[PDB]
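The sequence shown begins at 3 in the authors' numbering and counts up by one.
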Amino acid sequence: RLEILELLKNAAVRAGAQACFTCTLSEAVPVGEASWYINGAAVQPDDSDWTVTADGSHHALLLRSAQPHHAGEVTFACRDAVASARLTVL
Numbered sequence: 003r004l005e006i007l008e009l010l011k012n013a014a015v016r017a018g019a020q021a022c023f024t025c026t027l028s029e030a031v032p033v034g035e036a037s038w039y040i041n042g043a044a045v046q047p048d049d050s051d052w053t054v055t056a057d058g059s060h061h062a063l064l065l066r067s068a069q070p071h072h073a074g075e076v077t078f079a080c081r082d083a084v085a086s087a088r089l090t091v092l
């Protein structure tokens, strides 16, 4: 079974700063199989604010410059695994 070894963590960042959400899976799953969401909206590959990466077991969602409207619930979903945490923008 696919497991999440390391779950997302809540993050609080100042406006303009970088935020990142990461998780680690039990096996290497290509980035194409993962879906990230902010407040229920799927993150798109041409979103100028958010970057999605994967390296082996390690998946990440990066926000280079946080703004207040980015705040809310981050979801990661891959196969049957789901995780969530919260972005707070100070």
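Even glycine gets a Cβ: it sits at the ideal position worked out from N, Cα and C.
When DSSP states are grouped into helix, strand and coil, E75 belongs to the strand group. A contact is defined here as three or more CB-CB pairs under 8 Å, and the stretch 66-75 fails this definition with respect to the stretch 27-36.
In this structure the stretch 11-18 lies against the stretch 82-89, because at least three pairs of beta carbons, one per stretch, are closer than 8 Å. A68 and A21 do touch by the CB rule: their CB atoms are close to 5 Å apart, below 8 Å. Taken in chain order, the complete beta strand (DSSP E) segments of 3 residues or longer contained in the stretch 36-65 are 36-40, 52-57, 60-65.
Leaving aside the five residues that flank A56 on each side, the residues in its chain whose CB is nearer than 8 Å to its CB run, in chain order, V31, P32, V33, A36, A62. In the three-state DSSP reduction, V33 falls in the helix class (H, G or I). DSSP places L7 inside the beta strand (DSSP E), whose first and last residues are 6-8. Beta bridge pairing from DSSP links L89 with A13, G74.
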